[PDB]
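**Q** give me a 3D structure for the following:
(6 chains)
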Amino acid sequence: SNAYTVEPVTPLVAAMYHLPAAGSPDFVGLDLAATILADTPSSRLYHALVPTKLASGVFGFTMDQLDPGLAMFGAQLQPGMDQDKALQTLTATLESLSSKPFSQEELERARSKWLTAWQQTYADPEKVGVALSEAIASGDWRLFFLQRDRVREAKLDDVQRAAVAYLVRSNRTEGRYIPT
Amino acid sequence: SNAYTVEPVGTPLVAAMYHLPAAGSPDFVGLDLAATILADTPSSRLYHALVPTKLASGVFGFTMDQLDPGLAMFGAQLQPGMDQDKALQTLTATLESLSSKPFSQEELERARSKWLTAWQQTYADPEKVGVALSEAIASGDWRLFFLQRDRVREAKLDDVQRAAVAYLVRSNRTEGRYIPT
Amino acid sequence: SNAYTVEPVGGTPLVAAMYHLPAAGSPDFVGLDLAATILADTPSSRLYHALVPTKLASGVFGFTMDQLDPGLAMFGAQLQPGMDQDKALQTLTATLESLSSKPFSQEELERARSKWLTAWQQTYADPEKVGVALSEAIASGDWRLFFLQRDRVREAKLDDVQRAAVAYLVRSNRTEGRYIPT
Amino acid sequence: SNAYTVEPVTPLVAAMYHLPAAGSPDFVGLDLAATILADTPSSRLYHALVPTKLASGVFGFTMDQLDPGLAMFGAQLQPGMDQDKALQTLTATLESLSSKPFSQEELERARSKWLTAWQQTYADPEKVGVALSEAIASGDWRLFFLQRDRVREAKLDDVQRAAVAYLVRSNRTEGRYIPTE
Amino acid sequence: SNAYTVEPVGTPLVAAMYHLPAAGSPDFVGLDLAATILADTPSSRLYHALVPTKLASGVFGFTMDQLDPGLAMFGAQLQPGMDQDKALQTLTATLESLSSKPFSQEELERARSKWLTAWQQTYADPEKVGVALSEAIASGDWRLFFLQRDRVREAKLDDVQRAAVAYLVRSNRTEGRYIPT
Amino acid sequence: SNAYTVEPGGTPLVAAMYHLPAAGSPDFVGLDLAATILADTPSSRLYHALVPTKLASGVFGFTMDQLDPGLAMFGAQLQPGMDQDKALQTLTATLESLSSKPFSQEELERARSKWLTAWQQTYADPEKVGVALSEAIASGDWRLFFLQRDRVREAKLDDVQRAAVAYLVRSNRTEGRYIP
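**A** Residues are numbered from 1 along each chain as shown, chains lettered A, B, ... in the order given. I have put the structure below:
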């Protein structure tokens, strides 16, 4: 999944987490969770960061073409903002979701997002060819199809379990971009 | 603006078409954004009204000011057997009774973001900007491409609610059915 | 439908034959849409086979253009310097206007049908593209057309596509033209 | 042609000029001219407007799908920038090319840009169909190839002559967009 | 090559992949072209063997050289309740019994047209070309981007035939099933 | 950067490849930009030395960071008749003689604007940004997607001149030729 949401109204902080096995319920869980966490102003990080003036915009990606595969969350700040506080709020928000469980509505939003994208990919043999090759490079051709099936059958508590299981300190690495 | 959301799982369709306000009206942006709250994502007024209820398999909303007259089109795709008169009726009553379920600020922010994200994609592409400018001239004012953006940027909930309420009425409504024969 | 098929081997003369489309609401419209792909698209197309292995042409093309009023179908051939433009135009129009004695095969229809439906599914999977296709159907006079054209294509019989091409690809509807560079 | 070049780093001014018919041997001259005037940091408009802090960016398009067809040039400014000066500098630049004629280098850059986009169009059957359709809507299907040929054969003097002939005060309309802050 | 063809008028899949010869070997393009004869459009060998027999609903075939080893993968899209054993065995047989049903010139021509049209689209876009040259160099030979093209242009029926029968072999096969949970 | 510019046995081509500096090196952006000036549009150095004079029908220039080691590739497309050795001597001398004909400020602005235009188009599209951050991570540092845009923004003529002259030298030149 790919999310980058910036306010209507450049330093950057990031946090990255190792993903589970490509073919698992947890992987599809965190793919969906990343959308809920970073996509649109309704998302967890935007709501946590922007209205409160700690960040100018937020993003969340799951990057399966890396080995290790990574989920990467972050925020772009304005010139004079507090990187320390921005990074602490970001990781706090991401790592404390048993305190703030996903809603069915949020799950549905992400599921719909994910499946829209798969359908555009499938309708196009050029895109299907790339995706299948990414599947064989991940280890199994069936993944392309398997993952769609996981996403259609995903219940709220799997996705809750995936994110709580993987968005944890022991699996966190931080970054900041501080320009010259 | 552009919305089509279906359920995660030939096909009969029902549609309601509304005339838009003039592109230069300070209600035009109201409707654009309204169509998104109304028809985009599982969270939209139409999806929620038509799909868990099993009245339709998916919903859409489009504003197409490339036409004369300019139009908003909202519709639902049904399954083979679903009651077509029930889907249409629910469809229109959803669109036309927003005074009874008013837009939230969160709904607006959701629609404003999508709109501005689309505008910035147009803007970064000189080919798309040239198209967007000549469409603005075709609607009678080259400024409109930037004016629309500034109006979305400054759009207040009060103004979006009023525009949708003034324009999504039965007297501005043209119904359509497509029944694969 | 849109097709431009070239071979793998002054400037380049082009000859062309123009015909008119049926109304977009007519059964025939998709017939002619599917036909132009059979006539003009890939080395297996009727035009390509008549003009290119025979060395009359460098490539062939076929487009249906309903954004015009009148709506127009355009077929043509790309020439090399030295090739007879009249003999090309001669053969191009003979192929188009004699399908009556050279009827589409089931397999040809399936080739054009598969292409058409793939394009349709790609359009439908994108809200942006659907919004455009819907506005074009409205402009055409029936928002239903976006879906109806699809339904008509998936159910397309060989006899109906033949009859459509045979009634529209006729000399009385035909206007020839040529581009010679410089 | 399409051009929009901004400073590496919502007010706007614009001037718009009627185009000759597509089949006039003036019409590609203006196409190429517009690129010279409006594309990249080497453009006549960028040079006059941007280092001088009258605009953050400039643009220029030929819009042949309008009737009447237009050449549209314009500038985007930051809020405190003098609108009247940017606008007078823009038009002055466009309408005084007899005192600063095109160089062969400029024609070459802009000719390569045109022919590159034409080749990109030509390689896609879908884009060809639309271009052929627009040529027929402009007056003649042959214009699609014939404009390529003219661009290929375009001499500096013809491009000079067409710009100078059509970019004059009797052929232009002005505009400003002053946002409602 | 890419091929994915489905019947017009929650689904299992059965497949078979084979190792390609090295990119730079002469048989490499034969197999690229072969998979198109085999898998692309309703006239393809897989389609005739699996769709009218109602042994499959759609077929695909792709050669993926970015992979190491490179593979050609062929497959069938199934309906719940269709014979999976039979589909795969008819699939694997079709791909392995080509010598009894040799490729026709017309089939070669079709495959070549598609290959070169795609190659021309890559060459037309600097960014794609750079990507393609970059893969060439990773193969250990920049020239390959250009050589493959010339190889395809020259390709003879006899060699495309031998390449396929040399490589689409039970010796070189790995088999797959995807059944929905 | 990617550039291929053509004029209005089969097609032979000749090439010269040079190792790029590290992506995080302050010379990387320099060479990215220099490739544009050297090979993009008729006004490019290679086009001017090779095309008007008829030693080639087109020229090209890429920097390919996704390789290990990263390369600048330059080349020329010839007509069936032309002399390959001459094209290659003229291509290499141009590339290796930039002390003699320094980049202008104008050249640089055209290169920088091209580069930044392509960055804003990526940045505008959340899918594109995700891919670009993956390469950045694969290149060994996520911050590069941004740092390189800041670096292009601030790139001065003399740094760009110096980067190009330092890397486009006889000791870094591997030649190649394609003759059908």
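
**Q** shouldn't residue A:174 be within a strand?
**A** Yes - looking at residue A:174 with DSSP: H, G, I helix; E, B strand; the rest coil, it is inside a strand.

**Q** roughly how far apart are it and chain D?
**A** Distance from residue A:174 to chain D, counting by C-beta to the nearest C-beta, to the nearest Å: 30 Å. In short, each C-beta sits where N, CA and C put it, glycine included.

**Q** list the contacts for that residue?
**A** A:13-15, A:87, A:91 (C-beta atoms under 8 Å, 6 or more residues apart in numbering or on different chains).

**Q** beta-bridge partners for it, please?
**A** Under DSSP bridges, the beta-bridge partners of residue A:174 are residue A:15.

**Q** picking up where we left off before, filter the contacts of residue A:174 down to the buried ones.
**A** The neighbour-count criterion (16 or more other C-beta atoms under 10 Å in any protein chain shown) marks A:13-15, A:87, A:91 among the contacts of residue A:174 as buried.

**Q** and the two most separated of the contacts of residue A:174?
**A** With C-beta to C-beta as the measure, no two of the contacts of residue A:174 lie farther apart than A:14 and A:91, at 9.9 Å.

**Q** sorry, back to before: which among the buried ones among the contacts of residue A:174 gets closest to residue F:30?
**A** Nearest to residue F:30 out of the buried ones among the contacts of residue A:174 is residue A:14 (C-beta to C-beta; 26.5 Å).

**Q** from chain A, which residue is nearest to chain B?
**A** residue A:108 (3.9 Å; C-beta to the nearest C-beta).

**Q** spatially nearest residue to that residue (excluding sequence neighbours)?
**A** With C-beta to C-beta, 6 or more residues apart in numbering or on different chains as the criterion, residue A:108 has its nearest non-adjacent residue at 3.9 Å, and that residue is residue B:42.

**Q** give the contact list for residue A:5.
**A** A:38-41, A:43, A:46, A:57-59, B:113.

**Q** most neighbours among those residues, which one is it?
**A** Using other C-beta atoms under 10 Å in any protein chain shown as the neighbour criterion, residue A:58 leads the contacts of residue A:5 with 29 neighbours.

**Q** show me what contacts that residue?
**A** Contacts of residue A:58 by C-beta under 8 Å, 6+ apart are A:3-6, A:38, A:43, A:45-46, A:49-50, A:73-76.

**Q** kindly recompute the last result at 6 Å.
**A** By C-beta atoms under 6 Å, 6 or more residues apart in numbering or on different chains, residue A:58 lies in contact with A:5, A:38, A:45-46, A:49, A:75.

**Q** what helix or strand is it located in?
**A** strand A:57-63 (DSSP states H and E).

**Q** continuing past that strand, what's the next helix or strand?
**A** strand A:70-76.

**Q** got the angle between that next one and strand A:57-63?
**A** Here strand A:70-76 runs at an angle of 170 degrees relative to strand A:57-63 (axes from the mean of the first three to the mean of the last three C-alpha atoms, to 10 degrees).

**Q** neighbouring strands - and their directions - for strand A:70-76?
**A** Strand pairing for strand A:70-76, determined by DSSP bridges: strand A:12-18 (antiparallel), strand A:57-63 (antiparallel).

**Q** what residues does the longest helix seen in chain A touch?
**A** The longest helix of chain A (DSSP state H) is helix A:104-122. Helix A:104-122 has contacts (C-beta under 6 Å, 6+ apart) with A:32, A:35-36, A:127-128, A:131, A:148, A:151, A:156, A:159, B:8, B:41-43, C:125.

**Q** try 8 Å this time
**A** Helix A:104-122 is touched from outside by A:1, A:31-33, A:35-36, A:39-40, A:42, A:127-128, A:131, A:147-148, A:151-152, A:154, A:156, A:159, B:5, B:8, B:41-43, C:122, C:125-126, with contacts defined as C-beta under 8 Å, 6+ apart.

**Q** can you pull the contacts of the residue nearest in space to the middle of chain A?
**A** For chain A, residue A:34 is the residue whose C-alpha lies nearest the centre (C-alpha atoms, centre = their mean; 2.4 Å). Contacts for residue A:34 (C-beta under 8 Å, 6+ apart) come out as A:1, A:3, A:60-62, A:71, A:73.

**Q** same question for residue A:1.
**A** Listed by C-beta under 8 Å, 6+ apart, the contact set of residue A:1 reads A:31-32, A:34-35, A:39, A:60-62, A:110, A:113-114.

**Q** recalculate using a threshold of 7 Å.
**A** Taking C-beta atoms under 7 Å, 6 or more residues apart in numbering or on different chains, we find residue A:1 in contact with A:31, A:34-35, A:62, A:114.

**Q** distance check, it against chain D.
**A** Distance of residue A:1 to chain D, given as C-beta to the nearest C-beta: 30 Å.

**Q** what of residue A:171?
**A** 39 Å.

**Q** can you get me the start-to-end distance on stretch A:16-29?
**A** 16 Å (C-alpha to C-alpha, to the nearest Å).

**Q** figure out how far stretch A:148-167 is from the centre of its chain.
**A** Distance, stretch centre to chain centre, for stretch A:148-167: 12 Å (C-alpha atoms, centre = their mean, to the nearest Å).

**Q** and what of stretch A:170-180?
**A** Its chain's average C-alpha position is 16 Å from that of stretch A:170-180, according to C-alpha atoms, centre = their mean.

**Q** how about residue A:76, what does it touch?
**A** By C-beta under 7 Å, 6+ apart, the contact set of residue A:76 is A:10, A:12, A:55-57.

**Q** quick check: bridge partners of it?
**A** residue A:12, residue A:57.

**Q** that older thread, can I get the longest helix of chain A as CSV, trimmed to CA atoms?
**A** Output in CSV follows, covering the C-alpha atoms of helix A:104-122 (Å, rounded to 0.1, in the frame of the first residue of the first chain):
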residue,chain,number,x,y,z
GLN,A,104,-14.8,-2.0,10.7
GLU,A,105,-15.3,1.3,8.7
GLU,A,106,-11.5,1.8,8.6
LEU,A,107,-11.0,-1.8,7.6
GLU,A,108,-13.5,-1.5,4.8
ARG,A,109,-11.9,1.7,3.5
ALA,A,110,-8.5,0.0,3.2
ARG,A,111,-9.9,-3.2,1.8
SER,A,112,-11.7,-1.2,-0.9
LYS,A,113,-8.6,0.7,-1.6
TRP,A,114,-6.5,-2.5,-1.9
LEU,A,115,-8.9,-4.3,-4.2
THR,A,116,-9.4,-1.4,-6.5
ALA,A,117,-5.6,-1.4,-7.1
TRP,A,118,-5.5,-5.2,-7.6
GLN,A,119,-8.3,-5.1,-10.1
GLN,A,120,-6.5,-2.4,-12.3
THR,A,121,-3.4,-4.7,-12.1
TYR,A,122,-5.3,-7.8,-13.2
